[PDB]
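Below, in structure tokens: the form deposited in one PDB entry, a single chain.
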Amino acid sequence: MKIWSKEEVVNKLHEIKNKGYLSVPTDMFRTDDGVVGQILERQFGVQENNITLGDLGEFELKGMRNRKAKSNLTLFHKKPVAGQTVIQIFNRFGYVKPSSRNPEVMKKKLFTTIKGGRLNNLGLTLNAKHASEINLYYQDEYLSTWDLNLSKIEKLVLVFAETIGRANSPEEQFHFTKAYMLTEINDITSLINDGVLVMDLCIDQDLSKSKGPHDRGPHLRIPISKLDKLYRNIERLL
């Protein structure tokens, strides 16, 4: 592994921006929301991976399309350490509904965002005692517990991309024009309980096939506009 210095990342970010609109290699394309991150990684010599640690060693690289109304930032994924498994949660709380990409394909899905401080429409809520104990409830019924390690996200290099082309098309292109370094992470307990940091469940299954469901891992997520509640130091790198 290469552990990057800040100077080397800043130099690399400038190089990337200066290239302008980058394409999706034919070998990489797979109708994938995450291609923005795949491209940003490849520009940094980071190959596709499922390693837990920050992919630049001292930093973790995150790429996002510069949408006017942005999706939340996915920080990392983590299964519960205790209680109901995610598939058990899917079995119970999942629902049968056509694929949103191909309406001729029926899925069972659980795509839900769970927050502390309130119940969502499925009745699900979080209560954090500490970062090491975040509890999932259905109403007053305990379900599962997460113990989250945030070492991968201690230092983020967040990079925003302007786009041309239709979203998730082969012809989509990305110009990385802005980047921030976020460091000095706060404790997440309050952030869970105040509804700032959220957990997404993202599980689905093609019910015409005899595959099991695809659990993409419970996502810890944060809106970009609340990153200042998670990190006390934000630096404009690009």
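For every residue, the number given is its place in the sequence shown, counted from 1. In this text, rigid core is short for the largest set of C-alphas that superpose within 1.5 Å between two forms.
Not on display, but discussed next: the form deposited in another entry.
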property: Flagged residue of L191, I39, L182, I203 - C-alpha shift reaching 2 Å or more between this form and the one not shown, core superposed; result: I203
property: Rigid core superposed: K155 CA moves 2 Å or more between this form and the one not shown; result: no
property: Residue shift check between this form and the one not shown, rigid core fit, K115 Cα at least 2 Å; result: no
property: Core-aligned CA displacement of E171 at least 2 Å between this form and the one not shown; result: no
property: Note on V35-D204 C-alpha separation in the other entry, which departs from the shown form by 3 angstroms or more; result: farther
property: Relative Cα spacing, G54 and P223, in the other entry - shift of 3 Å or more; result: farther
